[PDB]
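One structure is given below, encoded as structure tokens.
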Amino acid sequence: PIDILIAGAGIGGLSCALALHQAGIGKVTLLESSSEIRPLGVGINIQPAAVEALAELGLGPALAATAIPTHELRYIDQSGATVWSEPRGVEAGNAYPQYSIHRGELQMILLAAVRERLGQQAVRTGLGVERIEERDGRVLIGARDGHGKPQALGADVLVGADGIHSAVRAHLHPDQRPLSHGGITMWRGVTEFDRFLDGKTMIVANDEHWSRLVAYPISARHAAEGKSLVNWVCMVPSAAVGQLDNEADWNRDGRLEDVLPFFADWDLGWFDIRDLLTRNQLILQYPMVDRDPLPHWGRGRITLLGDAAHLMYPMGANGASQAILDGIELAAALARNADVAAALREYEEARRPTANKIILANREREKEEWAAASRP
Ligand SMILES: Cc1cc2nc3c(=O)[nH]c(=O)nc-3n(C[C@H](O)[C@H](O)[C@H](O)COP(=O)(O)OP(=O)(O)OC[C@H]3O[C@@H](n4cnc5c(N)ncnc54)[C@H](O)[C@@H]3O)c2cc1C
């Protein structure tokens, strides 16, 4: 009968709690520094294998009623023509859809599942992990609550699912490099459309200056009303931009005036990028950052999961897909081995080398495309 503390109730944390629960793992509590839990963020992509996991955990219909089953990816040239096209999700041969979904809508689905299945008490909101120590088979936590009081908690396992600015990671890896800048500035947003193609096709494009665009629908609710909520991502070399901010924060409001100049010359014909940016309901900015590959994640009875373990550039199958798949492996590891520290090790030896493969390949692809863009 082990008691598990999870720092962070983001996508990785909630989903892990669910995997643990399904695997029959017992007492799980999670600690979230935010006072209340909010549907923040913009569109994200859930790859088929992670949707498979979420469906296995009984989330299939909640996803089906929220997210878009993206069936197609088109890359279009600067005149609007489809150059490359590919199937996605079931049509591409996967047993499950890829789901394009609003992050905060996904978080709410996860939060409700956890609340229903292990009681409202499982999610301790307003409680950020600050101090950590492993002492005699037991993890001992200093936390601080809403309106400032310190709190002491203990557990058999501590799972650091606490995102980009992970305190558990910082405890475990005090010699870590700062966030690594990939050299690309991103703006993110949502715009309302009546129709955007068939409502389930992802669009990609780029400049001769390597300004890239990604736009895809993310809302089943809108589609069921005739409408389309189109998520968009604008990616611009930071060498073009200069320093937009001293911060890397998932909720940083961006400026129409910073991003538009880069897209203003576009004439796609069928798709109006100026209109897309101009009618945003939200612009956020974010510098494309990751962290260096670690040779190890955890130590003793403390491990790492999600962005805390392996922050990657937010594209494709990175992010939530990897965090959900981490949780599956951790629950399975913990279920299989009675000796907790060996289970925790067995979990990351499954997940770390893959995560490090992706980090290094992403950097290299990015590097190569930038070098190519830079020649005259
Ligand atoms: C508000 C917000 C908006 C986001 N928007 C997007 C987006 O638009 N696009 C995208 O790709 N990704 C977004 N992300 C990141 C995305 O959720 C993750 O990259 C990915 O899905 C894996 O999530 P994760 O659980 O590892 O980290 P996260 O989802 O970032 O979860 C980390 C959680 O831990 C909490 N936390 C941090 N420190 C502590 C601590 N000291 N103690 C306890 N809790 C702590 C954070 O508040 C957060 O809730 C967003 C994250 C957040 C928090």
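Residue numbering restarts at 1 for every chain of the structure tokens, chains are lettered A, B, ... in their displayed order, and ligands are numbered from 1 as they appear.
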### Message
Can you pull out every residue from range 96-165 of chain A that DSSP, working from the backbone, puts in strand (DSSP E), and format the result as a ChimeraX atom specification?
### Response
/A:99-102,123-125,128-134,139-144,150-155,157-160
Writer output for current selection, N, CA, C and O atoms, as a CSV table (one decimal), in the first residue's frame:
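Final file, selection.csv:
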```csv
chain,number,residue,atom,x,y,z
A,99,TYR,N,-5.9,13.5,-31.9
A,99,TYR,CA,-6.9,14.5,-31.5
A,99,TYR,C,-6.2,15.9,-31.3
A,99,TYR,O,-5.1,16.0,-30.7
A,100,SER,N,-6.8,16.9,-32.0
A,100,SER,CA,-6.3,18.2,-31.8
A,100,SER,C,-7.3,18.9,-30.9
A,100,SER,O,-8.5,18.9,-31.1
A,101,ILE,N,-6.8,19.4,-29.8
A,101,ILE,CA,-7.7,19.8,-28.7
A,101,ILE,C,-7.2,21.0,-28.0
A,101,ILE,O,-6.0,21.3,-28.0
A,102,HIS,N,-8.1,21.8,-27.4
A,102,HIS,CA,-7.7,22.9,-26.6
A,102,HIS,C,-7.0,22.4,-25.3
A,102,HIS,O,-7.6,21.5,-24.6
A,123,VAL,N,-6.7,16.3,-5.3
A,123,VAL,CA,-6.1,17.5,-6.0
A,123,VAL,C,-6.0,18.6,-5.0
A,123,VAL,O,-7.0,19.4,-4.8
A,124,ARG,N,-4.8,18.8,-4.4
A,124,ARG,CA,-4.6,19.9,-3.4
A,124,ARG,C,-4.1,21.1,-4.2
A,124,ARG,O,-2.9,21.3,-4.5
A,125,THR,N,-5.0,22.0,-4.4
A,125,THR,CA,-4.8,23.2,-5.2
A,125,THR,C,-4.3,24.3,-4.2
A,125,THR,O,-4.5,24.2,-3.0
A,128,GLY,N,2.2,24.7,-3.6
A,128,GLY,CA,3.4,24.5,-4.4
A,128,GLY,C,4.5,23.9,-3.6
A,128,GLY,O,4.7,24.3,-2.5
A,129,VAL,N,5.1,22.8,-4.2
A,129,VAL,CA,6.3,22.2,-3.6
A,129,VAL,C,7.5,23.2,-3.6
A,129,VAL,O,7.8,23.8,-4.6
A,130,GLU,N,8.1,23.4,-2.4
A,130,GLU,CA,9.3,24.2,-2.3
A,130,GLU,C,10.5,23.5,-1.8
A,130,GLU,O,11.6,23.7,-2.4
A,131,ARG,N,10.4,22.7,-0.8
A,131,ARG,CA,11.5,22.0,-0.2
A,131,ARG,C,11.3,20.5,-0.4
A,131,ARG,O,10.2,20.0,-0.2
A,132,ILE,N,12.4,19.7,-0.6
A,132,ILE,CA,12.3,18.3,-0.8
A,132,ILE,C,13.5,17.6,-0.1
A,132,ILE,O,14.6,18.2,-0.2
A,133,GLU,N,13.4,16.4,0.5
A,133,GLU,CA,14.4,15.6,1.1
A,133,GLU,C,14.0,14.1,1.1
A,133,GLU,O,12.9,13.8,1.5
A,134,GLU,N,15.0,13.2,0.8
A,134,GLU,CA,14.7,11.8,1.0
A,134,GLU,C,15.4,11.2,2.2
A,134,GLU,O,16.6,11.1,2.2
A,139,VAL,N,9.9,10.3,1.4
A,139,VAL,CA,10.1,11.6,0.8
A,139,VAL,C,9.3,12.6,1.6
A,139,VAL,O,8.1,12.5,1.9
A,140,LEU,N,10.0,13.7,2.0
A,140,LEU,CA,9.5,14.7,2.9
A,140,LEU,C,9.5,16.0,2.2
A,140,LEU,O,10.6,16.5,1.7
A,141,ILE,N,8.3,16.7,2.2
A,141,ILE,CA,8.1,17.8,1.4
A,141,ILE,C,7.7,19.1,2.2
A,141,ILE,O,6.8,19.0,3.0
A,142,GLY,N,8.4,20.2,1.9
A,142,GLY,CA,8.0,21.5,2.3
A,142,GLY,C,7.1,22.1,1.2
A,142,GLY,O,7.5,22.1,0.1
A,143,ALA,N,5.9,22.6,1.6
A,143,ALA,CA,5.1,23.2,0.7
A,143,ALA,C,4.6,24.5,1.3
A,143,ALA,O,4.8,24.7,2.5
A,144,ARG,N,4.1,25.4,0.5
A,144,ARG,CA,3.6,26.7,1.0
A,144,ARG,C,2.2,26.9,0.4
A,144,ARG,O,2.0,26.6,-0.8
A,150,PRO,N,3.5,27.8,5.6
A,150,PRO,CA,4.3,26.5,5.2
A,150,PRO,C,3.5,25.2,5.6
A,150,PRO,O,2.8,25.2,6.6
A,151,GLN,N,3.7,24.2,4.9
A,151,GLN,CA,3.1,22.9,5.1
A,151,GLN,C,4.1,21.8,4.9
A,151,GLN,O,4.9,21.8,4.0
A,152,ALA,N,4.1,20.8,5.8
A,152,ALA,CA,4.9,19.6,5.7
A,152,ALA,C,4.1,18.4,5.2
A,152,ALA,O,3.0,18.2,5.8
A,153,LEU,N,4.6,17.7,4.2
A,153,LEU,CA,3.9,16.5,3.8
A,153,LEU,C,5.0,15.4,3.6
A,153,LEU,O,6.2,15.7,3.5
A,154,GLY,N,4.6,14.2,3.6
A,154,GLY,CA,5.4,13.0,3.4
A,154,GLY,C,4.8,12.1,2.4
A,154,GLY,O,3.6,12.1,2.2
A,155,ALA,N,5.7,11.2,1.8
A,155,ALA,CA,5.2,10.2,0.9
A,155,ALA,C,6.2,9.1,0.6
A,155,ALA,O,7.3,9.2,0.9
A,157,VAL,N,6.6,7.9,-2.6
A,157,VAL,CA,7.2,8.3,-3.9
A,157,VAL,C,6.8,9.7,-4.1
A,157,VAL,O,5.7,10.1,-3.8
A,158,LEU,N,7.7,10.5,-4.7
A,158,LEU,CA,7.4,11.8,-5.2
A,158,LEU,C,7.7,11.8,-6.7
A,158,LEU,O,8.8,11.5,-7.2
A,159,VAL,N,6.6,12.2,-7.5
A,159,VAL,CA,6.7,12.3,-8.9
A,159,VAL,C,6.6,13.7,-9.2
A,159,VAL,O,5.6,14.4,-9.0
A,160,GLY,N,7.7,14.2,-9.8
A,160,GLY,CA,7.9,15.6,-10.3
A,160,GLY,C,7.3,15.8,-11.6
A,160,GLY,O,7.9,15.7,-12.6
```
Once you count only C-alpha atoms and all ligand atoms, which residues end up within 6 Å of ligand 1, and could you hand them over as a CSV table (one decimal) with C-alpha atoms, in the first residue's frame?
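As a result, selection_37.csv now contains:
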```
chain,number,residue,atom,x,y,z
A,7,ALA,CA,3.9,17.8,-7.8
A,8,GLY,CA,1.9,19.5,-10.5
A,9,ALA,CA,-1.6,19.0,-11.7
A,10,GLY,CA,-1.0,19.9,-15.4
A,11,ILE,CA,-1.4,17.4,-18.2
A,12,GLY,CA,1.3,15.0,-17.1
A,13,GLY,CA,0.3,15.0,-13.4
A,31,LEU,CA,0.0,19.2,-5.3
A,32,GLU,CA,-0.6,22.2,-7.6
A,33,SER,CA,0.9,25.6,-7.0
A,34,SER,CA,-1.9,27.4,-8.8
A,40,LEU,CA,-5.4,27.9,-19.9
A,41,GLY,CA,-3.4,27.4,-23.1
A,42,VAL,CA,-4.2,27.0,-26.8
A,43,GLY,CA,-4.5,24.0,-29.2
A,44,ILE,CA,-2.4,20.9,-28.7
A,128,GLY,CA,3.4,24.5,-4.4
A,129,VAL,CA,6.3,22.2,-3.6
A,130,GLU,CA,9.3,24.2,-2.3
A,161,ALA,CA,5.3,16.5,-12.9
A,162,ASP,CA,5.8,20.2,-12.4
A,163,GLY,CA,6.5,21.4,-16.0
A,165,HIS,CA,10.0,25.5,-14.2
A,166,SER,CA,10.0,22.2,-12.3
A,167,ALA,CA,11.2,22.6,-8.7
A,250,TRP,CA,3.1,29.4,-21.2
A,251,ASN,CA,0.7,32.3,-20.5
A,306,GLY,CA,6.5,15.3,-18.5
A,307,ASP,CA,8.2,18.7,-19.2
A,308,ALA,CA,9.9,18.3,-15.8
A,314,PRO,CA,6.2,22.4,-28.7
A,319,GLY,CA,4.5,17.8,-25.0
A,320,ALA,CA,1.3,16.2,-23.8
A,323,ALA,CA,3.8,13.2,-20.7
```
task: Assign secondary structure with DSSP using the backbone only, and return the residues of range 261-296 of chain A in alpha helix (DSSP H) as an NGL selection string.
output: :A and (273-278)
Please indicate the distance in Å from CA of residue 38 in chain A to CA of residue 115 in chain A, rounded to one decimal place.
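Atom-to-atom, CA of residue 38 in chain A to CA of residue 115 in chain A, that is 14.7 Å.
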Practice task
Just the residues within 10 Å of range 286-290 of chain A, please, counting only C-alpha atoms, with nothing from its chain fewer than 6 positions along; format it as a ChimeraX atom specification.
Solution key: /A:164,178-188,235-238,243-254,307,310-315,359,362-363
- One decimal, Å: what's the distance from CA of residue 214 in chain A over to CA of residue 233 in chain A, could you say?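 These atoms are spaced 5.1 Å apart.
Between CA of residue 321 in chain A and CA of residue 69 in chain A lies a distance of 15.0 Å.
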